[PDB]
There are 2 protein chains.
Amino acid sequence: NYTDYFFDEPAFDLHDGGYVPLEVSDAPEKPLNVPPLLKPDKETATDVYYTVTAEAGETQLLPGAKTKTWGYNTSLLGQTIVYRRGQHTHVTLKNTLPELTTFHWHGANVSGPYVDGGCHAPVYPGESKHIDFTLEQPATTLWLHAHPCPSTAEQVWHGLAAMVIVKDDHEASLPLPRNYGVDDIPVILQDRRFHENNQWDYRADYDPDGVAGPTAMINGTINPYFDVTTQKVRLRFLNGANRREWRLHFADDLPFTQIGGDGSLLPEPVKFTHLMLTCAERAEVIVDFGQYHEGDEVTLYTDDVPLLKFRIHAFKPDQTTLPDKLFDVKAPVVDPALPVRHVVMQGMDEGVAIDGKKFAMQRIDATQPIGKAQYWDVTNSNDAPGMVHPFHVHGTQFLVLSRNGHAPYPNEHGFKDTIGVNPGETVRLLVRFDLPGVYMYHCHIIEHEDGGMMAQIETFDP
Amino acid sequence: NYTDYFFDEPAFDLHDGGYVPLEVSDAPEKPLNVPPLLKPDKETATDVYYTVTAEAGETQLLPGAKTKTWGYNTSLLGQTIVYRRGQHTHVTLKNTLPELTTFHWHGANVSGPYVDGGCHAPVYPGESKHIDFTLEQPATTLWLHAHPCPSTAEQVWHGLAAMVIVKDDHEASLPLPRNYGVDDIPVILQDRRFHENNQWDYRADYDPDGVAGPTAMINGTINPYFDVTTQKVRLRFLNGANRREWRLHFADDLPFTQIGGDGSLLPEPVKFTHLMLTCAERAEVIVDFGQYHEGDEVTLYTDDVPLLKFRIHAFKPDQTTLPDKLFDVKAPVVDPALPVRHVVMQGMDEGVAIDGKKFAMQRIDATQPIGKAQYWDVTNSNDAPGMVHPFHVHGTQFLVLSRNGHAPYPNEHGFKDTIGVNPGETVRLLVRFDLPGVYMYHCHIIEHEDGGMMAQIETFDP
Ligand SMILES: [Cu+2]
Ligand SMILES: [Cu+2]
Ligand SMILES: [Cu+2]
Ligand SMILES: [Cu+2]
Ligand SMILES: [Cu+2]
Ligand SMILES: [Cu+2]
Ligand SMILES: [Cu+2]
Ligand SMILES: [Cu+2]
């Protein structure tokens, strides 16, 4: 028998000796939390004005005491930020936390290293920073998380992540669910461990090879259920876990279509029974509950553990069907002057590194001209047991050309900013930076990021 | 009636609104810890080798559960390291902590920014780093603490601090108590707050204007006594606190003579009843116990709170031959070309800043030519109440020329690397960097450091 998922079975997170299985919680089932859309300060056709505010607070997650949490414009996680292609965006960043944070727009194509908001973009307590940008990139699902170096892991654990939706005119024209909170919803998959008083303790739970709690947390909810009032729903999956891989699938083996990846819509829709997500990967999918009846409760699983209940209410019949081609993927041409960059991800545990060395934040590790496209060959040097390392790159949306010289997985024909690399595997990417600056590339298992599995590239203009 | 101590009374830490008084502990009284000397790996006359290991551990501090602590070559604080002027010193920095740290040699005249061991000298978990240097500076009492930016304050709270003794030919000639752990003892002065199961929690106790607990902790000991077995004892005081000021004095108003500041022997000895130490300051003092007979008991206080009981036993009579002059202070001439540098410390709480801007890792703030000495005028631009900021400079011992135009305090005529600037005060330093590199200057209230009250200077060879 085969494995359903596209990644190499022997390298799944669950064969590790440190593996923490998910347990179903005792807490009562409650409605999936849907983060409200962040009301702009001002909006016109050309200019939008937002205030994003890191803040500390408390949240009812489990019965008893409220869990102390951080979040953007709310106690935990963050109100969902909407950006438009071609719109000039003005964001006031404001830190009201006790510690200093960063504001990373993961997958956004903005100048580094201040707008991109990496290690080099501190915002001290009490401080406000004012950034501005125009996105010239396809409609997709981004996110915002903290990125101090270190500790990105600790801060993300505390609850500093938020969904970011980018819109364009092409996506608006397709026949997709788009009614936010009703048939189009964030599904931000995370795992935590609660201690005494339902409180989190990252340092108590720390493991240099990835932190993973046994209690799953969807949009900062425990045992969520979502009431389905339409035949088709669109889930925007985001893996905001520190290490855990998600092996999503319905109990029924109900199919669903993927229409979106990290960076863009997929070129063509892809049908699925099971779907794996490494860290930071996103997938937009359409589910058809047409076969189910009022009162039926349908469960989404990961491995053998239930995640999310779907309650089926009365819904009017939906006759529409998706086009054969969703999106037109326009691949740059490789600059024949530039050679093939070979990035080598090596090690696990405390010995992670990239191309022989650990992050130094004064040090430029590589260079590349803007506007010009280069082949990257990203390799995972891990050995017999190994692990799938999610490779991420700031300030770009790349294309996947090969996996060990074969075709990329069916959901990889779009633009991506994060790709899972299996042990032994060498993937070929087509990477082009549009704006100059300094960008990191690192494994997005956030413990390895902080373990220094992270280099930075400086882009210039010739 | 006057104030006994040299600093401005209205600006003492105890006038602060969020002041935490020390309270005497319930803990049983017990022998003061004396950190053992770190045994060299190998040692000739011209070369010494050392291994210093950041390691995590537990330490019986109170009866019950062991307090989880950090230390260098031990569970808490650190074994004392001995360096000798002229001797080429080799050190292997081993980090076995779960977080990344840094090995700052406070007051060492060593090249920056790697050896100096500041913000730009990270050492990751499980990683080793080798460094060499030859100290070319007077004998004095230095220390080692962590200096990752941020959080310096968290790591010093966990207990990463260690006394460092520098010896030379001149200091050996003089008649000073010099039998370590018997008549020459460290007195590392710190405070902590204990929570459930005798544990520390820095983030519970966090205050952006300075953390301070109610429990005094001398050399990682609670309610210490020390058995005196010699008429003269030498105390090397170090203020290892995050924020607290120590206002030291004995009962019986027993006098004591100061022979040593931060950077050197004092030119001449200075008698005292009451000494005030701001953060990171050191003071070697001699205490004569000739008045007292066997079975007597003298208590060292801070403000009105007993720190350390001295138990007098039988001792041999001792000469009282402290010379009139201990050390000759060779002051450089300021270079006529160079201007007066003006450093302005400003703020309290979350608004702390130096010269109108917070820290920025990859921003050089100032420059100075190696070997050439310049007047620095450091100002504490604080309001009516305000507080004393201990100003500190990596990579130099400086001299104090004036306080608001008047003479510096009696104990400030030697070399120093940390000085307390009172509100509305302008001290005038004479500063010279011997080796080139990048060095920071900051307040040594460790919370203000982390709040970005810190800049950095770059030294070059012309
Ligand atoms: Cu990210
Ligand atoms: Cu990113
Ligand atoms: Cu990794
Ligand atoms: Cu990143
Ligand atoms: Cu220091
Ligand atoms: Cu220092
Ligand atoms: Cu420092
Ligand atoms: Cu300060």
# chains A, B, ... in the order shown; residues from 1 in each chain; ligands from 1
$ residues_around --residues "residue A:112" --least-positions-apart "6" --cutoff "10 Å" --atoms "only C-alpha atoms" --output "number ranges by chain"
A: 118, 120-121, 394-395, 435-440, 458-459
$ write_last_selection --atoms "N, CA, C and O atoms" --output "PDB file, in the first residue's frame"
ATOM      1  N   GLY A 118      12.479  41.645   9.053  1.00  0.00           N
ATOM      2  CA  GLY A 118      13.182  40.459   9.506  1.00  0.00           C
ATOM      3  C   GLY A 118      13.876  40.708  10.843  1.00  0.00           C
ATOM      4  O   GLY A 118      13.342  41.408  11.705  1.00  0.00           O
ATOM      5  N   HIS A 120      16.447  42.469  11.142  1.00  0.00           N
ATOM      6  CA  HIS A 120      17.079  43.777  11.091  1.00  0.00           C
ATOM      7  C   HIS A 120      16.078  44.907  11.321  1.00  0.00           C
ATOM      8  O   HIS A 120      16.433  46.068  11.150  1.00  0.00           O
ATOM      9  N   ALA A 121      14.847  44.575  11.727  1.00  0.00           N
ATOM     10  CA  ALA A 121      13.768  45.549  11.788  1.00  0.00           C
ATOM     11  C   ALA A 121      13.155  45.583  13.184  1.00  0.00           C
ATOM     12  O   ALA A 121      11.947  45.399  13.345  1.00  0.00           O
ATOM     13  N   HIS A 394      12.978  35.085   1.961  1.00  0.00           N
ATOM     14  CA  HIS A 394      12.335  36.384   2.073  1.00  0.00           C
ATOM     15  C   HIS A 394      12.362  37.079   0.717  1.00  0.00           C
ATOM     16  O   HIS A 394      13.181  36.744  -0.130  1.00  0.00           O
ATOM     17  N   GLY A 395      11.423  38.014   0.527  1.00  0.00           N
ATOM     18  CA  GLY A 395      11.449  38.974  -0.566  1.00  0.00           C
ATOM     19  C   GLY A 395      11.259  38.365  -1.958  1.00  0.00           C
ATOM     20  O   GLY A 395      11.613  39.010  -2.945  1.00  0.00           O
ATOM     21  N   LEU A 435      12.931  43.682  -5.832  1.00  0.00           N
ATOM     22  CA  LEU A 435      13.410  44.859  -5.129  1.00  0.00           C
ATOM     23  C   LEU A 435      14.760  44.564  -4.488  1.00  0.00           C
ATOM     24  O   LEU A 435      15.062  43.418  -4.161  1.00  0.00           O
ATOM     25  N   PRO A 436      15.628  45.586  -4.331  1.00  0.00           N
ATOM     26  CA  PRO A 436      16.890  45.419  -3.615  1.00  0.00           C
ATOM     27  C   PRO A 436      16.676  45.435  -2.105  1.00  0.00           C
ATOM     28  O   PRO A 436      15.654  45.927  -1.626  1.00  0.00           O
ATOM     29  N   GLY A 437      17.664  44.893  -1.380  1.00  0.00           N
ATOM     30  CA  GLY A 437      17.656  44.848   0.074  1.00  0.00           C
ATOM     31  C   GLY A 437      18.447  43.650   0.603  1.00  0.00           C
ATOM     32  O   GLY A 437      19.301  43.093  -0.089  1.00  0.00           O
ATOM     33  N   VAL A 438      18.156  43.269   1.851  1.00  0.00           N
ATOM     34  CA  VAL A 438      18.761  42.092   2.447  1.00  0.00           C
ATOM     35  C   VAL A 438      17.631  41.171   2.892  1.00  0.00           C
ATOM     36  O   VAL A 438      16.715  41.592   3.598  1.00  0.00           O
ATOM     37  N   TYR A 439      17.717  39.911   2.465  1.00  0.00           N
ATOM     38  CA  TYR A 439      16.676  38.932   2.728  1.00  0.00           C
ATOM     39  C   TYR A 439      17.310  37.686   3.337  1.00  0.00           C
ATOM     40  O   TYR A 439      18.395  37.292   2.917  1.00  0.00           O
ATOM     41  N   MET A 440      16.633  37.075   4.323  1.00  0.00           N
ATOM     42  CA  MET A 440      17.071  35.785   4.831  1.00  0.00           C
ATOM     43  C   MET A 440      16.436  34.671   4.008  1.00  0.00           C
ATOM     44  O   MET A 440      15.389  34.849   3.390  1.00  0.00           O
ATOM     45  N   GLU A 458      22.035  39.463  -0.122  1.00  0.00           N
ATOM     46  CA  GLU A 458      21.910  40.879  -0.435  1.00  0.00           C
ATOM     47  C   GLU A 458      21.679  41.042  -1.932  1.00  0.00           C
ATOM     48  O   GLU A 458      22.512  40.620  -2.731  1.00  0.00           O
ATOM     49  N   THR A 459      20.552  41.670  -2.291  1.00  0.00           N
ATOM     50  CA  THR A 459      20.235  41.942  -3.683  1.00  0.00           C
ATOM     51  C   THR A 459      20.618  43.385  -4.008  1.00  0.00           C
ATOM     52  O   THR A 459      20.424  44.294  -3.198  1.00  0.00           O
TER      53      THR A 459
END
$ residues_near_ligand --ligand "ligand 2" --cutoff "7 Å" --atoms "only C-alpha atoms and all ligand atoms" --output "ChimeraX atom specification"
/A:104-107,392-394
$ residues_near_ligand --ligand "ligand 7" --cutoff "12 Å" --atoms "only C-alpha atoms and all ligand atoms" --output "ChimeraX atom specification"
/B:102-108,112-113,116-121,143-153,279-280,390-396,417-418,438-450,452-456
$ select_by_dssp --residues "stretch 59-224 of chain A" --states "helix (DSSP H, G or I)" --output "PyMOL selection string"
chain A and resi 152-158+169-173+196-198+202-205
$ residues_around --residues "residue B:380" --least-positions-apart "4" --cutoff "7 Å" --atoms "only C-alpha atoms" --output "list in words"
residues 344, 345, 346, 421, 422, 423, 424, 425 and 426 of chain B
$ select_by_dssp --residues "stretch 56-248 of chain A" --states "strand (DSSP E or B)" --output "PyMOL selection string"
chain A and resi 56-59+67-72+77-78+80-84+88-95+101+104-106+123+128-134+140-145+161-167+180+184-192+194+200+215-218+221+224-228+232-239+246-248
$ interface_residues --of "chain B" --to "chain A" --cutoff "10 Å" --atoms "only C-alpha atoms" --output "PyMOL selection string"
chain B and resi 96+98-100+120-127+148-151+203+206-208+349-351+358-362+450-452
$ atom_distance --atom1 "atom CA of residue B:200" --atom2 "atom 1 (Cu, counted along the ligand's line) of ligand 8"
23.4 Å
$ residues_around --residues "stretch 321-335 of chain A" --least-positions-apart "5" --cutoff "9 Å" --atoms "only C-alpha atoms" --output "MDAnalysis selection string"
chainID A and resid 170:171 174:176 259 264:269 372:375 399 413:415 430 432
$ write_last_selection --atoms "C-alpha atoms" --output "short mmCIF file (atom, residue, chain, number, x, y, z; two decimals), in the first residue's frame"
data_model
loop_
_atom_site.label_atom_id
_atom_site.label_comp_id
_atom_site.auth_asym_id
_atom_site.auth_seq_id
_atom_site.Cartn_x
_atom_site.Cartn_y
_atom_site.Cartn_z
CA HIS A 170 -8.08 38.14 -11.73
CA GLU A 171 -8.97 36.32 -8.50
CA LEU A 174 -13.11 33.47 -10.86
CA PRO A 175 -16.16 31.59 -9.46
CA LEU A 176 -14.85 31.00 -5.93
CA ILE A 259 -6.93 26.20 -5.96
CA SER A 264 -0.43 32.44 -6.11
CA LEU A 265 -3.35 30.46 -7.47
CA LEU A 266 -2.34 27.09 -8.88
CA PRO A 267 -2.28 27.01 -12.72
CA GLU A 268 -4.93 24.26 -12.71
CA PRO A 269 -7.19 22.89 -9.90
CA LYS A 372 17.52 38.57 -12.96
CA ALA A 373 16.42 34.99 -12.39
CA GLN A 374 18.67 32.24 -11.06
CA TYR A 375 18.49 28.49 -10.54
CA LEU A 399 8.84 28.46 -8.98
CA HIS A 413 3.17 24.28 -10.22
CA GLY A 414 2.28 27.73 -8.82
CA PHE A 415 4.33 30.43 -7.10
CA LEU A 430 13.70 29.59 -10.12
CA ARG A 432 14.18 36.22 -8.91
#
$ residues_around --residues "stretch 222-237 of chain B" --least-positions-apart "4" --cutoff "6 Å" --atoms "only C-alpha atoms" --output "VMD selection string"
chain B and resid 29 to 32 177 183 to 188 217 282 to 290 308 to 313 315 318
$ write_last_selection --atoms "N, CA, C and O atoms" --output "mmCIF file, in the first residue's frame"
data_model
loop_
_atom_site.group_PDB
_atom_site.id
_atom_site.type_symbol
_atom_site.label_atom_id
_atom_site.label_comp_id
_atom_site.auth_asym_id
_atom_site.auth_seq_id
_atom_site.Cartn_x
_atom_site.Cartn_y
_atom_site.Cartn_z
ATOM 1 N N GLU B 29 20.519 30.388 58.008
ATOM 2 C CA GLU B 29 21.798 31.024 57.736
ATOM 3 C C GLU B 29 22.830 29.920 57.537
ATOM 4 O O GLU B 29 22.657 28.814 58.047
ATOM 5 N N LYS B 30 23.868 30.214 56.742
ATOM 6 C CA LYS B 30 24.785 29.185 56.276
ATOM 7 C C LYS B 30 26.064 29.799 55.713
ATOM 8 O O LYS B 30 26.118 30.993 55.448
ATOM 9 N N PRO B 31 27.141 29.001 55.529
ATOM 10 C CA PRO B 31 28.439 29.544 55.149
ATOM 11 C C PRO B 31 28.342 30.188 53.778
ATOM 12 O O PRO B 31 27.889 29.538 52.846
ATOM 13 N N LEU B 32 28.770 31.455 53.686
ATOM 14 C CA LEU B 32 28.919 32.144 52.415
ATOM 15 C C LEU B 32 29.613 31.227 51.414
ATOM 16 O O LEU B 32 30.651 30.668 51.727
ATOM 17 N N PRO B 177 45.799 41.282 51.974
ATOM 18 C CA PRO B 177 45.204 39.948 52.037
ATOM 19 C C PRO B 177 45.095 39.366 50.631
ATOM 20 O O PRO B 177 44.575 40.027 49.736
ATOM 21 N N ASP B 183 41.076 34.961 53.408
ATOM 22 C CA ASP B 183 41.117 36.369 53.778
ATOM 23 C C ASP B 183 40.823 37.281 52.582
ATOM 24 O O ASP B 183 40.589 38.473 52.770
ATOM 25 N N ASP B 184 40.833 36.728 51.363
ATOM 26 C CA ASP B 184 40.483 37.468 50.158
ATOM 27 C C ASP B 184 39.291 36.772 49.508
ATOM 28 O O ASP B 184 39.448 35.700 48.929
ATOM 29 N N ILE B 185 38.103 37.382 49.613
ATOM 30 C CA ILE B 185 36.883 36.739 49.148
ATOM 31 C C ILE B 185 36.103 37.659 48.209
ATOM 32 O O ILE B 185 36.035 38.868 48.421
ATOM 33 N N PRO B 186 35.457 37.102 47.160
ATOM 34 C CA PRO B 186 34.477 37.844 46.372
ATOM 35 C C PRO B 186 33.267 38.188 47.227
ATOM 36 O O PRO B 186 32.948 37.475 48.178
ATOM 37 N N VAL B 187 32.591 39.280 46.872
ATOM 38 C CA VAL B 187 31.280 39.563 47.425
ATOM 39 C C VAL B 187 30.394 40.040 46.278
ATOM 40 O O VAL B 187 30.221 41.236 46.065
ATOM 41 N N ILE B 188 29.865 39.070 45.528
ATOM 42 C CA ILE B 188 28.963 39.328 44.421
ATOM 43 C C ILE B 188 27.574 39.591 44.995
ATOM 44 O O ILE B 188 26.960 38.696 45.574
ATOM 45 N N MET B 217 21.146 38.038 47.684
ATOM 46 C CA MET B 217 21.822 36.804 47.330
ATOM 47 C C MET B 217 23.304 37.102 47.113
ATOM 48 O O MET B 217 23.680 37.656 46.087
ATOM 49 N N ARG B 282 32.793 47.932 40.909
ATOM 50 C CA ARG B 282 33.528 47.072 41.823
ATOM 51 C C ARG B 282 34.287 47.935 42.823
ATOM 52 O O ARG B 282 34.623 49.078 42.521
ATOM 53 N N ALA B 283 34.551 47.363 44.005
ATOM 54 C CA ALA B 283 35.342 48.024 45.031
ATOM 55 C C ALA B 283 36.011 46.986 45.925
ATOM 56 O O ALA B 283 35.331 46.324 46.695
ATOM 57 N N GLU B 284 37.336 46.844 45.804
ATOM 58 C CA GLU B 284 38.113 46.033 46.728
ATOM 59 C C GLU B 284 38.298 46.870 47.988
ATOM 60 O O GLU B 284 38.669 48.035 47.892
ATOM 61 N N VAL B 285 37.992 46.304 49.158
ATOM 62 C CA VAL B 285 38.218 47.019 50.402
ATOM 63 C C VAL B 285 38.884 46.075 51.395
ATOM 64 O O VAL B 285 38.667 44.867 51.334
ATOM 65 N N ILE B 286 39.691 46.668 52.288
ATOM 66 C CA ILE B 286 40.273 45.991 53.435
ATOM 67 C C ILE B 286 39.413 46.309 54.653
ATOM 68 O O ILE B 286 39.032 47.460 54.847
ATOM 69 N N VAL B 287 39.140 45.286 55.473
ATOM 70 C CA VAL B 287 38.417 45.459 56.724
ATOM 71 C C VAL B 287 39.319 44.960 57.849
ATOM 72 O O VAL B 287 39.715 43.798 57.836
ATOM 73 N N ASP B 288 39.626 45.846 58.808
ATOM 74 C CA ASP B 288 40.410 45.495 59.982
ATOM 75 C C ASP B 288 39.467 45.028 61.090
ATOM 76 O O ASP B 288 38.529 45.745 61.423
ATOM 77 N N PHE B 289 39.730 43.843 61.664
ATOM 78 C CA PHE B 289 38.884 43.274 62.706
ATOM 79 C C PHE B 289 39.642 43.208 64.035
ATOM 80 O O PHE B 289 39.356 42.353 64.871
ATOM 81 N N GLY B 290 40.581 44.141 64.242
ATOM 82 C CA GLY B 290 41.449 44.128 65.409
ATOM 83 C C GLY B 290 40.690 44.451 66.696
ATOM 84 O O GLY B 290 41.038 43.951 67.759
ATOM 85 N N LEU B 308 25.359 40.299 55.404
ATOM 86 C CA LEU B 308 26.396 39.309 55.629
ATOM 87 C C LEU B 308 26.897 39.430 57.061
ATOM 88 O O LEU B 308 27.310 40.514 57.464
ATOM 89 N N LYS B 309 26.818 38.320 57.813
ATOM 90 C CA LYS B 309 27.343 38.253 59.168
ATOM 91 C C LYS B 309 28.799 37.791 59.103
ATOM 92 O O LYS B 309 29.121 36.849 58.388
ATOM 93 N N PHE B 310 29.677 38.503 59.820
ATOM 94 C CA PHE B 310 31.071 38.120 59.966
ATOM 95 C C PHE B 310 31.270 37.558 61.370
ATOM 96 O O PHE B 310 31.060 38.260 62.358
ATOM 97 N N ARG B 311 31.662 36.281 61.434
ATOM 98 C CA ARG B 311 31.962 35.628 62.691
ATOM 99 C C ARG B 311 33.465 35.671 62.919
ATOM 100 O O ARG B 311 34.227 35.121 62.125
ATOM 101 N N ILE B 312 33.857 36.305 64.030
ATOM 102 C CA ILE B 312 35.253 36.473 64.400
ATOM 103 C C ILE B 312 35.710 35.247 65.190
ATOM 104 O O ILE B 312 35.077 34.876 66.175
ATOM 105 N N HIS B 313 36.799 34.620 64.737
ATOM 106 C CA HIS B 313 37.459 33.562 65.484
ATOM 107 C C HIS B 313 38.828 34.076 65.904
ATOM 108 O O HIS B 313 39.127 35.246 65.694
ATOM 109 N N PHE B 315 42.634 34.856 65.576
ATOM 110 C CA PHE B 315 43.435 35.266 64.431
ATOM 111 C C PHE B 315 44.793 35.752 64.925
ATOM 112 O O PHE B 315 44.909 36.195 66.065
ATOM 113 N N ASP B 318 48.095 41.418 63.084
ATOM 114 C CA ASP B 318 48.486 41.832 61.745
ATOM 115 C C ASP B 318 48.964 43.285 61.751
ATOM 116 O O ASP B 318 48.294 44.176 62.281
#
$ closest_residue --among "A:281, A:191, A:296, A:434" --to "residue A:420" --atoms "only C-alpha atoms"
A:281
$ atom_distance --atom1 "atom CA of residue B:214" --atom2 "atom CA of residue B:19"
9.9 Å
$ atom_distance --atom1 "atom CA of residue B:197" --atom2 "atom CA of residue A:196"
13.4 Å
$ closest_residue --among "A:94, A:293, A:244, A:158" --to "residue A:69" --atoms "only C-alpha atoms"
A:158
$ residues_around --residues "residue A:15" --least-positions-apart "6" --cutoff "12 Å" --atoms "only C-alpha atoms" --output "tab-separated table (two decimals) with N, CA and C atoms, in the first residue's frame"
chain	number	residue	atom	x	y	z
A	8	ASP	N	8.03	11.92	1.53
A	8	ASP	CA	8.61	10.61	1.78
A	8	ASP	C	8.16	10.12	3.16
A	9	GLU	N	7.47	8.97	3.20
A	9	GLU	CA	6.84	8.46	4.41
A	9	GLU	C	7.87	8.35	5.54
A	21	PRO	N	2.50	13.00	20.03
A	21	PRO	CA	1.25	12.77	19.31
A	21	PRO	C	0.20	13.76	19.80
A	245	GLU	N	4.03	18.76	11.21
A	245	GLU	CA	3.48	18.58	9.88
A	245	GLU	C	2.02	18.16	10.02
A	384	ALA	N	19.83	8.74	7.24
A	384	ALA	CA	18.84	7.68	7.21
A	384	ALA	C	17.44	8.01	7.74
A	385	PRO	N	17.26	8.41	9.03
A	385	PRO	CA	15.93	8.77	9.52
A	385	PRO	C	15.50	10.11	8.90
A	386	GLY	N	16.32	11.15	9.13
A	386	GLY	CA	16.14	12.45	8.51
A	386	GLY	C	14.84	13.14	8.91
A	387	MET	N	14.51	14.21	8.18
A	387	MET	CA	13.29	14.95	8.41
A	387	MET	C	13.08	15.90	7.23
A	388	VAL	N	11.82	16.23	6.97
A	388	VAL	CA	11.47	17.18	5.92
A	388	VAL	C	11.69	18.59	6.46
$ closest_residue --among "B:257, B:304, B:163, B:343" --to "ligand 5" --atoms "only C-alpha atoms and all ligand atoms"
B:163
$ closest_residue --among "A:25, A:219, A:278, A:411" --to "ligand 3" --atoms "only C-alpha atoms and all ligand atoms"
A:278
$ closest_residue --among "B:179, B:190, B:397, B:221" --to "ligand 6" --atoms "only C-alpha atoms and all ligand atoms"
B:397
$ residues_around --residues "residue A:20" --least-positions-apart "6" --cutoff "8 Å" --atoms "only C-alpha atoms" --output "VMD selection string"
chain A and resid 14 212 to 214
$ write_last_selection --atoms "C-alpha atoms" --output "PDB file, in the first residue's frame"
ATOM      1  CA  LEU A  14       5.994  11.074  13.568  1.00  0.00           C
ATOM      2  CA  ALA A 212       5.235  20.495  19.560  1.00  0.00           C
ATOM      3  CA  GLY A 213       2.372  20.410  22.032  1.00  0.00           C
ATOM      4  CA  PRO A 214      -0.295  17.646  22.111  1.00  0.00           C
TER       5      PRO A 214
END
$ closest_residue --among "B:192, B:129, B:42, B:243" --to "ligand 8" --atoms "only C-alpha atoms and all ligand atoms"
B:243
$ decode --residues "stretch 270-281 of chain A" --atoms "C-alpha atoms" --output "mmCIF file, in the first residue's frame"
data_model
loop_
_atom_site.group_PDB
_atom_site.id
_atom_site.type_symbol
_atom_site.label_atom_id
_atom_site.label_comp_id
_atom_site.auth_asym_id
_atom_site.auth_seq_id
_atom_site.Cartn_x
_atom_site.Cartn_y
_atom_site.Cartn_z
ATOM 1 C CA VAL A 270 -5.970 19.734 -8.150
ATOM 2 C CA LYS A 271 -8.230 17.109 -6.557
ATOM 3 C CA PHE A 272 -7.200 15.459 -3.259
ATOM 4 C CA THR A 273 -8.197 12.962 -0.578
ATOM 5 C CA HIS A 274 -5.245 13.732 1.698
ATOM 6 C CA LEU A 275 -2.955 16.774 1.905
ATOM 7 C CA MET A 276 0.322 17.289 3.775
ATOM 8 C CA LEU A 277 1.513 20.755 4.925
ATOM 9 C CA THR A 278 5.018 21.500 6.193
ATOM 10 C CA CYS A 279 5.563 24.665 8.242
ATOM 11 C CA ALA A 280 4.581 28.004 6.691
ATOM 12 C CA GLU A 281 3.013 26.267 3.669
#
